[PDB]
Amino acid sequence: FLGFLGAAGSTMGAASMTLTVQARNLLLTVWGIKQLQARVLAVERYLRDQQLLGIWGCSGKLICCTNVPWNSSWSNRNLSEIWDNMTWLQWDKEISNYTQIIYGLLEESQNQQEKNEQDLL
Amino acid sequence: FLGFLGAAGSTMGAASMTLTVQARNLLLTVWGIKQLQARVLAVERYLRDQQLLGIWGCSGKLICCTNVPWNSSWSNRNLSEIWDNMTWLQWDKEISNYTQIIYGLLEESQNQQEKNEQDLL
Amino acid sequence: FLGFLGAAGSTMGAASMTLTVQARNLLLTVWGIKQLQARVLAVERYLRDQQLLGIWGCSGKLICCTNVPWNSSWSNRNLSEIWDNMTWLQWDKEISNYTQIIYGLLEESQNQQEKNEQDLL
Amino acid sequence: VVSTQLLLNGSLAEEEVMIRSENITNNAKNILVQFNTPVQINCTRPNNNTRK
Amino acid sequence: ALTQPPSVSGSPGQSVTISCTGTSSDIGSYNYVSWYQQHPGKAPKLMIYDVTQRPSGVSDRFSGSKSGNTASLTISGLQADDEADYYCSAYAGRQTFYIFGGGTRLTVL
Amino acid sequence: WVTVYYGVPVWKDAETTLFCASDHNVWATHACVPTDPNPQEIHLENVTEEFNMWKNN
Amino acid sequence: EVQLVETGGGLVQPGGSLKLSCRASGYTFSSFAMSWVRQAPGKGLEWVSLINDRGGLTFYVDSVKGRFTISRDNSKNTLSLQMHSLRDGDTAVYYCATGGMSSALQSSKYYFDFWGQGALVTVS
Amino acid sequence: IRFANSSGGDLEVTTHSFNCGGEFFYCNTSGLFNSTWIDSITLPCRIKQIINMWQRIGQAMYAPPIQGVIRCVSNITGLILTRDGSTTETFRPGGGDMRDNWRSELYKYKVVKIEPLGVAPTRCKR
Ligand SMILES: *[C@@H]1O[C@H](CO)[C@@H](O[C@@H]2O[C@H](CO)[C@@H](O[C@@H]3O[C@H](CO)[C@@H](O)[C@H](O[C@H]4O[C@H](CO)[C@@H](O)[C@H](O)[C@@H]4O)[C@@H]3O)[C@H](O)[C@H]2NC(C)=O)[C@H](O)[C@H]1NC(C)=O
Ligand SMILES: *[C@@H]1O[C@H](CO)[C@@H](O[C@@H]2O[C@H](CO)[C@@H](O)[C@H](O)[C@H]2NC(C)=O)[C@H](O)[C@H]1NC(C)=O
Ligand SMILES: *[C@@H]1O[C@H](CO)[C@@H](O[C@@H]2O[C@H](CO)[C@@H](O)[C@H](O)[C@H]2NC(C)=O)[C@H](O)[C@H]1NC(C)=O
Ligand SMILES: *[C@@H]1O[C@H](CO)[C@@H](O)[C@H](O)[C@H]1NC(C)=O
Ligand SMILES: *[C@@H]1O[C@H](CO)[C@@H](O)[C@H](O)[C@H]1NC(C)=O
Ligand SMILES: *[C@@H]1O[C@H](CO)[C@@H](O)[C@H](O)[C@H]1NC(C)=O
Ligand SMILES: *[C@@H]1O[C@H](CO)[C@@H](O)[C@H](O)[C@H]1NC(C)=O
Ligand SMILES: *[C@@H]1O[C@H](CO)[C@@H](O)[C@H](O)[C@H]1NC(C)=O
Ligand SMILES: *[C@@H]1O[C@H](CO)[C@@H](O)[C@H](O)[C@H]1NC(C)=O
Ligand SMILES: *[C@@H]1O[C@H](CO)[C@@H](O)[C@H](O)[C@H]1NC(C)=O
Ligand SMILES: *[C@@H]1O[C@H](CO)[C@@H](O)[C@H](O)[C@H]1NC(C)=O
Ligand SMILES: *[C@@H]1O[C@H](CO)[C@@H](O)[C@H](O)[C@H]1NC(C)=O
Ligand SMILES: *[C@@H]1O[C@H](CO)[C@@H](O)[C@H](O)[C@H]1NC(C)=O
Ligand SMILES: *[C@@H]1O[C@H](CO)[C@@H](O)[C@H](O)[C@H]1NC(C)=O
Ligand SMILES: *[C@@H]1O[C@H](CO)[C@@H](O)[C@H](O)[C@H]1NC(C)=O
Ligand SMILES: *[C@@H]1O[C@H](CO)[C@@H](O)[C@H](O)[C@H]1NC(C)=O
Ligand SMILES: *[C@@H]1O[C@H](CO)[C@@H](O)[C@H](O)[C@H]1NC(C)=O
Ligand SMILES: *[C@@H]1O[C@H](CO)[C@@H](O)[C@H](O)[C@H]1NC(C)=O
Ligand SMILES: *[C@@H]1O[C@H](CO)[C@@H](O)[C@H](O)[C@H]1NC(C)=O
Ligand SMILES: *[C@@H]1O[C@H](CO)[C@@H](O)[C@H](O)[C@H]1NC(C)=O
Ligand SMILES: *[C@@H]1O[C@H](CO)[C@@H](O)[C@H](O)[C@H]1NC(C)=O
Ligand SMILES: *[C@@H]1O[C@H](CO)[C@@H](O)[C@H](O)[C@H]1NC(C)=O
Ligand SMILES: *[C@@H]1O[C@H](CO)[C@@H](O)[C@H](O)[C@H]1NC(C)=O
Ligand SMILES: *[C@@H]1O[C@H](CO)[C@@H](O)[C@H](O)[C@H]1NC(C)=O
Ligand SMILES: *[C@@H]1O[C@H](CO)[C@@H](O)[C@H](O)[C@H]1NC(C)=O
């Protein structure tokens, strides 16, 4: 059907069915150096995102349901507007100022979970 | 016992006990560039296979049991012939023409599973 | 609070709450080549550790509880000394001679587990 | 900074002059002396040279 | 749970034994059988923990062991000051964490 | 009994390639990484470390 | 010497609620798991609930499982037990005790080391 | 403890060499190291235009002349001494090996490699 970024103008819940489409597209001496730099960078960027999912407990998943509550101060909207009306580009702009807060909370709830799971064994 | 590829001539079920043996072996300026290209490539190839296992739901596993049925049109043989008589090199030739079909099916069944698991939470 | 390696002088159980701090810090043509070599190496070292955790069944975890018993010959100490008195630097020296033995045992118990899990499905 | 005998424009010792050497009893080794205060030196070439 | 309904008695200087019987998927399999002493009106005190060990502050007149599905507490040089109820408890696994038996009254003669 | 930890604050002596950074030069010009205006330094409590300036690579 | 001091009301109506609490001192509160044990007015001891040293894991006996909450606050050195619904069968002395579990990075306990004096609760 | 001036060697060894204002100076330090135990002191200097850097042979450079008058002000922050050696010791200026001029700044730093995996006994089972 659609290829890479084809769902970019679709709503958030119409999209998010195409997650594998984008995930798979992330993979004269001076000229050769420029190309290696481009390739090394693509690898490093990929790995940073994977490491981050790992510390949040989402390794190996494209959709990861976590245990952090949503703060109404980040976005005071109902699921109907977010998933049926908005696109992912619009959403990214709406919550840009809260991204680092959310990421910090995700890391911490995983650390707490990971320790509780050790105590239960 | 056996080292890298030692099981190459063994039957499929005799092999597949040595999966970690092969997995661990995948890891003058112009001369230096040639060597970086070799190293960058090894990394990129490794990551493509890992990404692919990830989208199929097999991240972190060497043996991954999936939920896709086997089509008799891909190979009409019984487990006794496949696991006790054939080698992996022979098998790879036998089903070469179906590899992309199988991969597509694995991706799709995981997408369906991953969404069902969200609805149940 | 503390940043990278801040817990280095802390006891083992005081540390090990900071695992994400260290994990996140692991990520003219001749001059350019030297820098690519440095970057390629950081990636290769990262991946070797991840592969190793994977074959032990610890993919995606910072704390991984395994099924291999501790041999008193590796270190004859009680949890109180190891976790409340010693630091990780001291510990690493104490058991250096057993690291490869332990790693071999971890790989083998995972291979056995992984096969038992196939037979049960 | 490239120099011989006297080290210029470097860092200073925090409290006292320090003597450092690979082996202080080996006369074949050099001794590095780090000052805790600078000594100011003023150099000049007082000739109004022209270039062509 | 665990059981031992009778009272126990003896004269000063005589030893006494208090039993505690449970089941296999309880006291038999887990070596975590503590014993507690309680004088009426007071909170319980730990006398024996794990199986044979005693806390610092507990005298050596108190010792114990287990065999099969039955545990026991032994009091040696019995004193008049031992007149307390005694209870056994055990770790019964996850889900059912702890169980206790009925207490036995020790009477010194 | 064996538990695996990743992210443990342990190190060994090592030799590597360092890169240059800096805030018409002979030396550092464009082949040099711009510096961090607020560089970090972390005190390590209870850490004793052996140094040897004469063997410093 | 350590102390555990239970406080809280001792008389409620069935169908109501009751909060008990326990102040601790003389030991590092945050290093120990804690529990509540009941003593029936005329019988023996019964385990009711257990909480982890960090307050994250809680366990209950089936008979109070849908009714009681065990909670901990390591900054004030206190435990609490919040009872709801309440039955006549819940009349007992409620003891605050130290022990019960472990931290899995330390030697296990699975026994109770210290006891408080006990709060008396009557359900009318 | 006696200080003495430099021993014989090439100009690059026996004098205080430095580059300032774009020109290469070779100054005579015998006026600084001439004492037993412990206005201004004027040190004469020579100037060169043809420079052989470090200790290499085969690669010379010509330093273009600088127009106008050169004035430099700098801080002496340390010395390189060599001991000449039974009741007395003589110290003389030394140098010529550039690594000694960097060793004096990098002495506080060490490079280590991080090794993030480890194992330890705990009381749990998968
Ligand atoms: C020890 O540190 C001191 C202090 O940093 C250092 O002294 C400085 O040296 C530089 C270079 O000799 C001086 O900068 C010059 O100042 C004059 C003042 O009129 C300027 O005219 C110069 O500019 C001309 O030359 C440049 C060369 O390329 C041209 O690009 C430019 O267009 C001009 O033609 C130049 O700025 C600087 O002023 C002194 N600092 C002080 C405070 O005097 C000293 O050299 C260091 N010692 C050693 C041995 O390195
Ligand atoms: C450095 O300066 C000193 C004195 O400023 C020079 O010393 C003179 O050297 C000649 C050489 O035979 C002696 O005869 C003089 O008696 C010396 N004078 C003094 C005061 O000792 C020295 O030669 C200069 N060094 C160089 C390399 O030119
Ligand atoms: C010679 O050393 C002095 C003392 O270290 C230098 O002057 C200092 O420069 C720093 C730069 O941040 C200032 O913070 C200090 O307050 C200065 N101290 C004094 C006493 O002024 C001086 O600049 C050095 N000279 C050269 C040429 O580097
Ligand atoms: C574009 O917007 C229209 C408006 O309804 C929608 O139907 C269409 O599906 C959108 N495009 C995509 C790719 O979904
Ligand atoms: C929600 O966000 C606001 C502002 O960032 C913060 O004050 C509040 O604590 C957050 N909610 C919770 C429950 O933490
Ligand atoms: C969600 O928000 C939209 C816009 O504010 C509103 O029209 C809609 O009715 C809300 N959800 C419900 C409960 O209908
Ligand atoms: C959301 O989409 C529905 C689809 O008909 C539309 O009726 C509604 O007005 C939209 N709301 C906004 C604010 O875009
Ligand atoms: C984020 O912060 C910027 C700061 O100017 C502000 O302009 C923007 O509106 C903020 N975004 C939201 C939606 O809070
Ligand atoms: C090679 O074939 C023989 C035939 O039986 C078999 O026994 C042997 O094990 C095979 N080689 C390996 C490595 O298994
Ligand atoms: C099996 O393969 C054939 C040919 O590729 C295809 O027609 C058939 O649909 C497949 N079986 C199923 C159940 O999809
Ligand atoms: C499996 O296939 C082989 C070869 O066709 C046959 O010999 C064997 O009997 C089959 N399996 C069974 C049920 O025996
Ligand atoms: C498979 O291996 C068995 C082992 O004896 C042999 O008897 C049988 O003939 C083999 N079948 C084929 C077709 O290779
Ligand atoms: C795959 O397709 C090629 C096309 O020529 C054919 O030769 C080969 O036999 C096919 N393989 C199988 C086993 O179907
Ligand atoms: C350093 O040792 C002291 C000794 O008690 C300890 O309290 C302190 O916390 C240690 N440093 C760190 C970072 O824990
Ligand atoms: C423990 O270590 C010793 C020496 O390495 C070894 O002989 C022994 O077999 C090990 N224990 C077990 C149960 O394997
Ligand atoms: C653990 O070992 C230490 C030092 O040998 C000892 O002091 C301590 O008592 C031991 N653990 C117990 C059971 O107390
Ligand atoms: C371990 O730390 C405790 C803390 O007080 C101290 O009392 C004990 O002596 C220490 N043991 C050793 C051997 O370091
Ligand atoms: C490890 O082996 C070396 C070999 O010399 C020995 O010196 C060291 O003490 C051993 N380490 C331990 C703690 O067994
Ligand atoms: C430097 O200090 C160390 C500390 O043990 C000492 O052994 C060494 O000899 C000292 N160096 C000199 C030059 O005295
Ligand atoms: C330091 O130099 C003296 C001079 O002979 C020598 O004997 C001594 O062994 C040297 N020190 C070391 C550690 O080698
Ligand atoms: C050095 O001192 C002399 C003494 O008269 C003076 O003339 C000369 O200018 C001074 N040189 C410098 C660089 O200050
Ligand atoms: C050097 O010569 C230039 C030529 O115009 C003159 O302007 C300058 O003042 C002279 N400098 C001195 C120190 O005489
Ligand atoms: C050191 O001083 C003596 C004094 O006679 C002189 O002859 C010698 O040449 C001086 N050394 C240098 C390098 O000038
Ligand atoms: C060294 O000191 C003596 C003391 O009289 C003096 O005459 C001599 O000129 C000095 N040498 C230099 C190079 O200044
Ligand atoms: C340098 O210090 C010594 C110490 O005795 C003194 O005798 C000598 O005259 C001093 N020189 C100057 C120039 O002050």
# chains A, B, ... in the order shown; residues from 1 in each chain; ligands from 1
call {"tool": "interface_residues", "arguments": {"of": "chain F", "to": "chain D", "cutoff": "10 Å", "atoms": "only C-alpha atoms", "output": "JSON list (two decimals) with N, CA and C atoms, in the first residue's frame"}}
result
[["chain", "number", "residue", "atom", "x", "y", "z"],
["F", 52, "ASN", "N", 50.72, 7.60, 36.81],
["F", 52, "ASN", "CA", 52.15, 7.57, 36.51],
["F", 52, "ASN", "C", 52.43, 8.44, 35.32],
["F", 53, "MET", "N", 52.90, 9.65, 35.56],
["F", 53, "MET", "CA", 53.09, 10.61, 34.49],
["F", 53, "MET", "C", 54.17, 10.21, 33.51],
["F", 54, "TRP", "N", 55.03, 9.28, 33.87],
["F", 54, "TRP", "CA", 56.14, 8.94, 33.02],
["F", 54, "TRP", "C", 55.79, 7.87, 32.02],
["F", 55, "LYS", "N", 54.59, 7.30, 32.15],
["F", 55, "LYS", "CA", 54.12, 6.22, 31.29],
["F", 55, "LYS", "C", 52.80, 6.61, 30.68]]
call {"tool": "residues_around", "arguments": {"residues": "residue 28 in chain H", "least_positions_apart": "5", "cutoff": "6 Å", "atoms": "only C-alpha atoms", "output": "ChimeraX atom specification"}}
result
/H:15,43-44
call {"tool": "residues_near_ligand", "arguments": {"ligand": "ligand 17", "cutoff": "7 Å", "atoms": "only C-alpha atoms and all ligand atoms", "output": "PDB file with C-alpha atoms, in the first residue's frame"}}
result
ATOM      1  CA  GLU C  81      30.112  -8.293  52.752  1.00  0.00           C
ATOM      2  CA  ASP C  84      27.212  -3.663  51.880  1.00  0.00           C
ATOM      3  CA  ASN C  85      31.032  -3.465  52.305  1.00  0.00           C
TER       4      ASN C  85
END
call {"tool": "residues_near_ligand", "arguments": {"ligand": "ligand 8", "cutoff": "8 Å", "atoms": "only C-alpha atoms and all ligand atoms", "output": "number ranges by chain"}}
result
A: 74, 93-97
call {"tool": "interface_residues", "arguments": {"of": "chain C", "to": "chain H", "cutoff": "7 Å", "atoms": "only C-alpha atoms", "output": "PyMOL selection string"}}
result
chain C and resi 65-67+70
call {"tool": "write_last_selection", "arguments": {"atoms": "C-alpha atoms", "output": "PDB file, in the first residue's frame"}}
result
ATOM      1  CA  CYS C  65      18.540 -12.781  37.426  1.00  0.00           C
ATOM      2  CA  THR C  66      19.801 -16.088  35.983  1.00  0.00           C
ATOM      3  CA  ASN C  67      19.568 -19.738  36.901  1.00  0.00           C
ATOM      4  CA  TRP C  70      27.138 -19.470  42.712  1.00  0.00           C
TER       5      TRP C  70
END
call {"tool": "residues_around", "arguments": {"residues": "residue 60 in chain E", "least_positions_apart": "4", "cutoff": "10 Å", "atoms": "only C-alpha atoms", "output": "VMD selection string"}}
result
chain E and resid 54 75 to 77
call {"tool": "interface_residues", "arguments": {"of": "chain F", "to": "chain H", "cutoff": "10 Å", "atoms": "only C-alpha atoms", "output": "JSON, numbers by chain"}}
result
{"F": [1, 2, 3, 4, 5, 6, 7, 8, 9, 10, 11, 12, 13, 14, 15, 16, 17, 18, 49, 50, 51, 52, 53, 54, 55, 56, 57]}
call {"tool": "write_last_selection", "arguments": {"atoms": "N, CA and C atoms", "output": "CSV table (one decimal), in the first residue's frame"}}
result
chain,number,residue,atom,x,y,z
F,1,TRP,N,21.4,-17.7,41.9
F,1,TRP,CA,22.5,-17.0,42.5
F,1,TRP,C,23.3,-16.1,41.7
F,2,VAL,N,23.7,-16.5,40.4
F,2,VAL,CA,24.4,-15.5,39.6
F,2,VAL,C,23.5,-14.5,39.1
F,3,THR,N,23.8,-13.2,39.3
F,3,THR,CA,23.0,-12.1,38.7
F,3,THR,C,23.9,-11.2,37.9
F,4,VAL,N,23.4,-10.9,36.7
F,4,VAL,CA,24.2,-10.1,35.8
F,4,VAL,C,23.8,-8.7,35.8
F,5,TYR,N,24.7,-7.8,35.9
F,5,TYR,CA,24.5,-6.4,35.9
F,5,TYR,C,25.2,-5.7,34.8
F,6,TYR,N,24.5,-4.7,34.2
F,6,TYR,CA,25.1,-4.0,33.1
F,6,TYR,C,25.0,-2.5,33.4
F,7,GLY,N,26.2,-1.8,33.3
F,7,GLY,CA,26.2,-0.4,33.7
F,7,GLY,C,27.0,-0.2,35.0
F,8,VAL,N,27.8,-1.1,35.3
F,8,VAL,CA,28.6,-1.2,36.5
F,8,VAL,C,29.8,-0.2,36.4
F,9,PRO,N,30.1,0.7,37.4
F,9,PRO,CA,31.1,1.7,37.4
F,9,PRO,C,32.5,1.2,37.7
F,10,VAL,N,33.0,0.4,36.7
F,10,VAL,CA,34.3,-0.2,36.7
F,10,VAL,C,35.1,0.1,35.5
F,11,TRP,N,36.4,0.3,35.8
F,11,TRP,CA,37.3,0.7,34.7
F,11,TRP,C,38.7,0.0,34.8
F,12,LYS,N,39.4,0.0,33.7
F,12,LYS,CA,40.8,-0.5,33.6
F,12,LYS,C,41.7,0.5,32.8
F,13,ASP,N,43.0,0.4,33.1
F,13,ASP,CA,43.9,1.3,32.4
F,13,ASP,C,43.8,1.0,30.9
F,14,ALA,N,43.8,2.1,30.0
F,14,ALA,CA,43.7,1.8,28.6
F,14,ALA,C,44.4,2.8,27.7
F,15,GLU,N,44.8,2.4,26.6
F,15,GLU,CA,45.3,3.3,25.6
F,15,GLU,C,44.4,3.5,24.4
F,16,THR,N,44.0,4.7,24.2
F,16,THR,CA,43.1,5.0,23.1
F,16,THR,C,43.5,6.3,22.3
F,17,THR,N,42.7,6.6,21.3
F,17,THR,CA,42.8,7.8,20.5
F,17,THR,C,41.9,8.8,21.1
F,18,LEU,N,42.5,10.0,21.4
F,18,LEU,CA,41.6,11.1,22.0
F,18,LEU,C,41.4,12.1,20.9
F,49,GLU,N,43.3,6.2,43.1
F,49,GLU,CA,43.7,5.7,41.7
F,49,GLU,C,45.2,6.0,41.5
F,50,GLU,N,45.9,5.0,41.0
F,50,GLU,CA,47.3,5.1,40.7
F,50,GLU,C,47.6,5.8,39.4
F,51,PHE,N,48.4,6.8,39.4
F,51,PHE,CA,48.8,7.6,38.3
F,51,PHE,C,50.3,7.5,38.0
F,52,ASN,N,50.7,7.6,36.8
F,52,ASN,CA,52.1,7.6,36.5
F,52,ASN,C,52.4,8.4,35.3
F,53,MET,N,52.9,9.7,35.6
F,53,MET,CA,53.1,10.6,34.5
F,53,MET,C,54.2,10.2,33.5
F,54,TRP,N,55.0,9.3,33.9
F,54,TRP,CA,56.1,8.9,33.0
F,54,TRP,C,55.8,7.9,32.0
F,55,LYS,N,54.6,7.3,32.1
F,55,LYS,CA,54.1,6.2,31.3
F,55,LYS,C,52.8,6.6,30.7
F,56,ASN,N,52.5,7.9,30.6
F,56,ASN,CA,51.3,8.4,30.2
F,56,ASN,C,51.2,8.6,28.7
F,57,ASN,N,50.4,7.8,28.0
F,57,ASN,CA,50.4,7.8,26.6
F,57,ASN,C,49.7,9.0,26.0
